[PDB]
Protein chains: 2
Amino acid sequence: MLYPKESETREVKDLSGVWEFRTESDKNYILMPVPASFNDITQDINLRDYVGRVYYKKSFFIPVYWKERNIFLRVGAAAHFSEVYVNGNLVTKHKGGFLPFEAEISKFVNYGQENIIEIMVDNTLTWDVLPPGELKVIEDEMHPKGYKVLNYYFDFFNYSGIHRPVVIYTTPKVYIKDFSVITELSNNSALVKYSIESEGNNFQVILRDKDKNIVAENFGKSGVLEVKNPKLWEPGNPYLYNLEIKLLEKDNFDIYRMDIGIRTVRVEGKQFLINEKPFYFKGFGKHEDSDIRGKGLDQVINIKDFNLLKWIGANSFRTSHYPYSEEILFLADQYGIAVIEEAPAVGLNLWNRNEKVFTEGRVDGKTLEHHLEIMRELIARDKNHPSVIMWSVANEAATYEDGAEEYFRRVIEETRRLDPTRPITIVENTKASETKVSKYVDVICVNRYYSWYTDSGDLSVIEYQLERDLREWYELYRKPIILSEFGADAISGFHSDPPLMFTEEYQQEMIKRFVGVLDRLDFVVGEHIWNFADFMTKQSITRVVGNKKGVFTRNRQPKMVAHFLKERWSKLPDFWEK
Amino acid sequence: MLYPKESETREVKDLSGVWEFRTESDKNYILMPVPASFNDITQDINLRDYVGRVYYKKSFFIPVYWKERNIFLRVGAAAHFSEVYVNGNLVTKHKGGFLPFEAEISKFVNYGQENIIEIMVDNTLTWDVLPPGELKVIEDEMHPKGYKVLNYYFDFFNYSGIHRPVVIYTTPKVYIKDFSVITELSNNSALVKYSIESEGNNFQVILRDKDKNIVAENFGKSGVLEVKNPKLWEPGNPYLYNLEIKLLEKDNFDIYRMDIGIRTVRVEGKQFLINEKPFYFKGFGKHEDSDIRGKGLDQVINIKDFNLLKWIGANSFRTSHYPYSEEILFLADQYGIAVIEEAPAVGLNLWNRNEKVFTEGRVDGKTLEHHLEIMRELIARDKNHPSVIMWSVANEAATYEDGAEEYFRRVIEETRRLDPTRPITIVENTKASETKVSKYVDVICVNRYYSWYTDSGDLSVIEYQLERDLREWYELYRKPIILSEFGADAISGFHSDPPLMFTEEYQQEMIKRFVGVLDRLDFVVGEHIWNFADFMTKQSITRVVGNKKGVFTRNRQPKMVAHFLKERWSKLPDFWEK
Ligand SMILES: [Cl-]
Ligand SMILES: [Cl-]
């Protein structure tokens with residue numbers, strides 16, 4: 001499914017705005033913005049911590065002239081289970097809170113009249129949705145009848161609601177359903193190879209440069225476009241060409257356009273190559289999180305975040321720990337930021353080797369089935385973005401378990417089959433010698449928190465422990481390694497010398513000592529600090545109103561270590577043969 | 001008067017601790033620690049803001065064996081007017097809140113019995129005490145009968161109380177009253193020249209090195225001690241010799257010891273020479289200020305402050321804006337920190353050229369008389385500390401006024417007469433071409449706040465304005481220049497990019513741009529940032545609970561710019577021929 005875009009042949013109507021909202025088995029509505037998480041909008045603590053079904057409702061008018069058009073209703077994201085009703089008719093259901101879903105609804109609309117859309121969203125986690133969790137009953141001596149808790153083991157808050165825009169769009173009855181683009185370098189040219197999915201068959205395809213000059217054209221539902229003297233897309237030079245696809249049939253006419261970038265990505269030895277040059281990742285793990293709206297899409301915050309990425313000198317980030325909005329990937333295309341996009345397989349770990357995760361009752365064949373469908377949906381959505389340069393299949397799963405090996409072999413095999421054009425990783429906090437899964441990926445991503453979660457407060461252990469660990473990863477697997485997470489919680493304004501945990505000084509010193517180690521290791525091709533910004537988590541005595549490891553505050557202002565990273569990364573080239 | 005020190009011939013009894021305390025015309029006492037300001041000790045807002053007389057009271061016992069000894073009662077400091085009573089007898093009065101005073105009290109004590117000391121302290125400012133102020137009656141339409149305000153124009157809070165220790169000490173009836181030491185370099189030796197003040201006349205004087213080896217000796221009330229192969233005192237090498245003075249008479253025997261340092265100080269051209277090498281000041285304006293105790297002496301805070309000075313790489317500070325406790329100068333001697341010690345002539349300015357300061361009714365002959373007595377008391381107290389390397393006669397007086405010229409000519413002339421061994425400065429915020437006073441000093445000290453108090457928020461003006469200004473100071477006066485103050489208020493934890501006033505970023509960027517200018521000017525011999533730490537001021541819409549220009553918080557932890565200064569100053573030598 002293609003991102004909804006207006007053209008000569010397609011209308012788009014955005015239903016974002018103020019909706020009516022209620023919780024299960026309640027008749028009274030309140031007002032609720034869309035897109036947004038509902039948790040922080042009100043002062044009702046029982047809604048903040050609500051677990052169950054909520055219902056959104058809105059009126060909309062369909063123009064009579066949309067008859068004899070396809071009418072699609074698209075929901076960008078709703079966490080985690082959703083059902084969509086048009087005038088009381090169920091038009092689609094969806095499982096998974098971080099990818100879009102849509103249905104054709106012309107059969108159910110009142111033309112030239114009022115219509116009602118209702119969207120049910122259920123935030124109840126189970127062990128066969130990603131990320132997983134479990135609702136548990138607690139009726140003991142200290143809890144009243146009916147006390148229940150939603151348990152989950154990922155470290156970000158279970159925000160719920162409609163997190164990305166709801167839109168209605170039209171197409172002709174015979175229309176461009178999808179297309180695939182692959183770019184190759186050939187002699188002094190680039191090739192853009194394409195295939196179009198449609199019931200139609202007569203297509204003209206045109207490629208235009210930045211100045212609207214036509215640089216290539218082809219008649220054909222599949223084909224190759226040759227670009228002589230191409231300008232390649234890469235961090236530091238985000239050149240985009242505009243691909244125009246025109247269906248020209250007897251009764252149907254359809255146009256779809258997308259900006260694409262010409263680049264190659266390849267792993268060879270201990271090098272991560274973009275356009276055949278050795279890349280060095282400088283960046284962050286991020287989160288879709290901001291004040292008040294929770295996980296809701298906000299283009300103000302998105303553009304602010306990319307300007308901060310360019311300001312600090314980052315060239316990349318990982319979409320920890322789930323696919324982000326398409327909007328963020330289009331921006332990464334424009335700004336020239338390399339993206340590792342990650343499936344929502346986070347929380348597959350009970351920090352305890354006595355509780356097994358990959359076992360009947362928890363992560364099983366049903367979870368695997370969902371994970372495989374997720375990879376198919378994710379690659380289908382994002383396969384044409386130049387900014388996505390790697391897929392991450394999971395974050396900190398219990399990869400030391402025997403059952404994790406067969407599980408992830410299947411996930412990894414399916415991902416590569418779906419997209420052979422990008423490398424694959426998995427983000428590990430398991431010990432190097434214990435993971436049964438990292439031997440199957442292209443690039444190793446390791447999260448390490450020496451002197452924070454272990455030997456807390458003792459910065460002196462970092463060089464000893466980190467160098468020994470990373471050398472063992474390389475000795476066992478002989479793959480490029482990204483230090484995919486490291487950092488320390490810092491309360492803005494907490495200062496100390498000597499540095500103490502939770503101060504800005506400790507965060508900067510820890511990060512500084514980690515990267516001094518990486519500079520001595522020629523097989524380390526990247527550093528991603530956790531996290532870009534402070535974000536909300538569930539409440540616990542270990543979380544000082546959320547996770548405070550941001551390099552920026554939640555309102556997008558820098559802590560001390562942001563300036564250290566700006567100075568370091570201004571000296572580090574994007575392409576660096578270590 | 002010499003600092004009270006125990007020896008074979010002298011006892012010291014410290015009366016610090018818990019005293020009884022009351023305000024004027026009130027019979028009920030509360031408890032009050034000494035030394036401390038009384039303002040922040042209680043939760044009584046009317047005592048915090050009290051103006052008038054307060055009374056301290058304490059019992060003490062004199063041993064019968066102190067008969068036929070001199071018994072001295074010393075008050076380290078009490079702001080600003082004080083009277084001392086022993087068993088109801090007035091033994092001394094004192095004017096000025098930052099220098100010690102004492103009296104011989106054997107005539108008034110009950111030997112082997114209880115005694116009562118009472119100390120009255122008055123914090124009411126006038127135009128003939130330093131620093132000056134004025135109590136004003138405000139009985140208009142919006143103020144009730146009896147509303148009064150203490151107006152003053154210096155930017156630190158008018159803390160009051162007994163700020164330094166009260167002690168009683170004994171001496172023999174014929175005793176060492178004072179001594180003067182001057183050090184010179186001669187061939188490969190150093191000379192320590194001395195004169196002793198006493199009714200006695202037979203003296204043996206011995207000088208010992210760090211390991212208690214005797215390196216020089218002399219019999220004589222005046223004389224010269226030769227030190228072959230001297231180890232000189234300087235920042236980065238604080239070598240101290242111990243001077244022992246022994247009075248040996250028929251009926252009287254007295255010993256006094258003091259650590260001294262061998263160093264010379266001299267201004268020549270645009271150079272400030274210590275031990276004939278070109279010094280570069282790296283440091284701060286400080287304040288005697290800390291949480292809860294106000295201006296009270298606290299040796300924990302003092303030692304913490306010197307360890308921070310060494311940690312950040314500072315080699316100097318100015319005692320803005322008054323003499324500090326003797327304790328701090330003994331520590332500066334031990335740590336090797338160069339001190340510019342300043343008289344309390346601050347607040348001689350009504351930021352307004354229509355209100356004249358040096359005029360009948362304000363700063364006049366009575367103020368001058370007090371200022372001259374202050375310089376005599378200050379040099380008499382501190383003349384033998386190696387750490388004091390310069391006297392500052394005032395801070396930000398209205399030196400553009402005609403009347404300021406005659407006033408300060410007399411102050412400067414008297415200071416040089418009292419101590420020809422150290423250079424003299426005055427700290428200016430007047431425009432270079434307008435001051436009528438800086439032409440009379442040895443070193444120029446200028447306070448500049450471009451982009452803070454003027455063109456607020458615009459960091460881009462700094463290089464243009466500061467370089468032009470400092471070149472004009474040098475062109476007019478041809479003297480070495482210290483940038484004696486510059487900085488910005490920063491709330492700990494306030495961050496922004498781009499930098500905004502009151503953020504840690506703005507403070508660091510402003511300071512960074514100022515010192516980049518100084519590095520290009522070979523006549524600038526010093527940089528002192530305002531301030532070492534956040535300190536309290538009177539309340540106003542311009543003061544966010546005090547002055548927030550500290551590089552350290554009030555609890556002595558670093559802000560962002562502290563780390564910038566540590567890195568800069570670790571690269572700058574103490575002795576630097578620019
Ligand atoms: Cl974390
Ligand atoms: Cl100031």
Side-chain angles (χ1 to χ4, degrees), chain A residues 233-238 261 263-287 305-306 308-321 324 328-329 332-333 335-342 385-393 395 422-428 438 441-448 466 470 473-474 477 479-487 511-512 514-532 551 561-562 564-578:
Chain A
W233 185 100
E234 55 187 46
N237 186 77
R263 100 272 181 278
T264 61
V265 56
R266 187 165 75 79
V267 172
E268 192 187 65
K270 46 192 182 60
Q271 298 197 126
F272 192 99
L273 303 169
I274 296 179
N275 298 329
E276 292 305 299
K277 299 178 295 183
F279 195 55
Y280 189 83
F281 292 80
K282 296 173 311 183
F284 296 97
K286 288 183 104 296
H287 259 302
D305 281 359
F306 279 95
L308 286 168
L309 285 182
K310 285 293 272 182
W311 170 82
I312 207 179
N315 61 20
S316 57
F317 64 89
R318 174 170 55 111
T319 75
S320 35
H321 301 293
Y324 288 179
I328 281 173
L329 295 188
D333 297 343
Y335 275 86
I337 300 289
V339 175
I340 303 165
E341 185 158 39
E342 183 164 285
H385 284 287
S387 64
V388 178
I389 43 67
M390 182 148 62
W391 306 111
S392 175
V393 299
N395 180 83
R422 301 172 167 87
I424 299 167
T425 188
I426 183 167
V427 178
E428 297 266 28
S438 277
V441 301
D442 296 308
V443 175
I444 303 268
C445 287
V446 62
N447 297 352
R448 286 300 179 247
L466 183 61
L470 293 178
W473 284 95
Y474 187 64
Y477 306 117
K479 298 172 196 304
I481 302 179
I482 299 172
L483 184 63
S484 47
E485 288 187 23
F486 61 114
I511 282 167
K512 175 174 80 168
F514 270 65
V515 300
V517 170
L518 307 184
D519 288 340
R520 299 191 277 107
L521 306 177
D522 67 1
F523 51 80
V524 170
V525 302
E527 60 199 50
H528 275 190
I529 288 78
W530 189 260
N531 185 280
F532 177 78
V551 160
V561 72
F564 167 82
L565 290 173
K566 185 176 166 66
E567 201 215 329
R568 170 171 171 80
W569 288 345
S570 76
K571 289 182 244 173
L572 289 195
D574 289 327
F575 294 93
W576 180 17
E577 193 160 5
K578 297 185 59 183

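Values below: every heavy atom of this structure, side chains too, minus hydrogens, waters and symmetry copies. Letters A, B, ... are given to chains in the order of the sequence lines, protein chains preceding strands, and every chain is numbered from 1.
- Between A:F284 and A:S320, the closest side-chain pair of non-hydrogen atoms is not below 4.5 Å.
- The shortest side-chain heavy-atom distance between A:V517 and A:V524 does not fall under the 4.5 Å cut-off.
- Of the inter-residue distances, the one linking A:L521 atom CG with A:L466 atom CG reads 7.5 Å to the nearest 0.5 angstrom.
- A parallel orientation is assigned to the rings of A:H321 and A:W530, their planes being inclined by less than 30° (bins at 30° and 60°).
- Residues A:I340 and A:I482 meet the side-chain proximity criterion, which asks for heavy atoms closer than 4.5 Å.
- Under a 3.5 Å cut-off, the side chain of A:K566 and the backbone N or O of A:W311 do form a donor-acceptor pair.
- Annotation: side chain of A:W576 is not in contact with side chain of A:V525 (no heavy-atom distance under 4.5 Å).
- In this structure the side chain of A:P278 reaches within 4.5 angstrom of the side chain of A:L273, judged on heavy atoms.
- Separating the CD1 atom in A:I426 from the CG atom in A:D442 is a distance of 12.5 Å, to the nearest 0.5 Å.
- Closest of all the heavy-atom pairs between A:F317 and A:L309 is CD2-CD1, 3.7 Å.
- With respect to the salt-bridge test (charged N to carboxylate O, under 4.0 angstrom), the residues A:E341 and A:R422 do not qualify.
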Might you work through the side-chain contact (heavy atoms from CB on, under 4.5 Å) test for A:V388 and A:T319, ending with a clear yes or no?
CA-CA 10 Å; A:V388 178; A:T319 75; over 6 Å; no

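- Under a 3.5 Å cut-off, the side chain of A:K282 and the backbone N or O of A:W569 do form a donor-acceptor pair.
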Quick one, A:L483 with A:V446, criterion side-chain contact (heavy atoms from CB on, under 4.5 Å). Give me CA distance, side-chain angles, the key distance, then yes/no.
CA-CA 5 Å; A:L483 184 63; A:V446 62; 4.0 Å; yes

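- Between A:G261 and A:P386, the closest heavy-atom pair is N-CG, 3.6 Å.
- Between A:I529 and A:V561, the closest side-chain pair of non-hydrogen atoms is not below 4.5 Å.
- No donor-acceptor pair under 3.5 Å is formed between the side chain of A:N315 and the backbone N or O of A:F281.
- Looking at A:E428 and A:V441, their side chains never come closer than 4.5 Å, going by heavy atoms from C-beta outward.
- Cation-pi geometry between A:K270 and A:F523 is not met at under 6.0 angstrom from the ring centre and within 45 degrees of the axis.
- The minimum heavy-atom distance between A:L518 and A:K578, with the atom names listed, is O-NZ, 2.9 Å.
- Using a distance-only test at 3.5 Å, with no hydrogens or angles considered, a donor-acceptor pair links the side chain of A:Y324 to the main chain of A:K286.
- The minimum heavy-atom distance linking A:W473 with A:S438 is given by the pair CZ3-OG, 3.7 Å.
- Shortest non-hydrogen contact noted between A:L572 and A:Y280 is CD1-CE2, 4.1 Å.
- Under the 3.5 Å distance criterion, the side-chain polar atoms of A:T425 are left unmatched by any main-chain donor or acceptor of A:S392.
- For A:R448, the side chain to side chain donor-acceptor pair (under 3.5 Å) partners two or more places apart in sequence, or in a different chain, are A:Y450, A:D469.
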Assess whether side-chain contact (heavy atoms from CB on, under 4.5 Å) is satisfied between A:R318 and A:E485, documenting all intermediate values.
CA-CA 10 Å; A:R318 174 170 55 111; A:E485 288 187 23; 2.9 Å; yes

Go through the steps for A:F279 and A:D574 under the test side-chain contact (heavy atoms from CB on, under 4.5 Å), then give the verdict.
CA-CA 6 Å; A:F279 195 55; A:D574 289 327; 4.3 Å; yes

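- Between the CZ atom in A:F575 and the CD1 atom in A:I274 there is a gap of 5.5 Å [rounded to 0.5 Å].
- Atom CD1 of residue A:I328 and atom CZ of residue A:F306 lie 6.0 Å apart, to the nearest 0.5 angstrom.
- Closest of all the heavy-atom pairs between A:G487 and A:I511 is CA-CG1, 4.4 Å.
- The aromatic rings of A:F514 and A:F486 sit parallel to each other, their planes meeting at less than 30°, with 60° as the upper class boundary.
- Within a 6.0 Å sphere centred on CD of A:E567, other residues, nucleotides and ligands contribute 12 heavy atoms or fewer.
- Between A:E342 atom CD and A:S484 atom OG the span is 8.5 Å, to the nearest 0.5 Å.
- Here the straight-line distance linking atom CD of A:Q271 with atom CD of A:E577 works out to 5.0 Å at 0.5 Å rounding.
- Using a distance-only test at 3.5 Å, with no hydrogens or angles considered, no donor-acceptor pair links the side chain of A:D333 to the main chain of A:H385.
- For the pair A:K479/A:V443, no side-chain contact is recorded, criterion being any heavy-atom separation below 4.5 Å from C-beta on.
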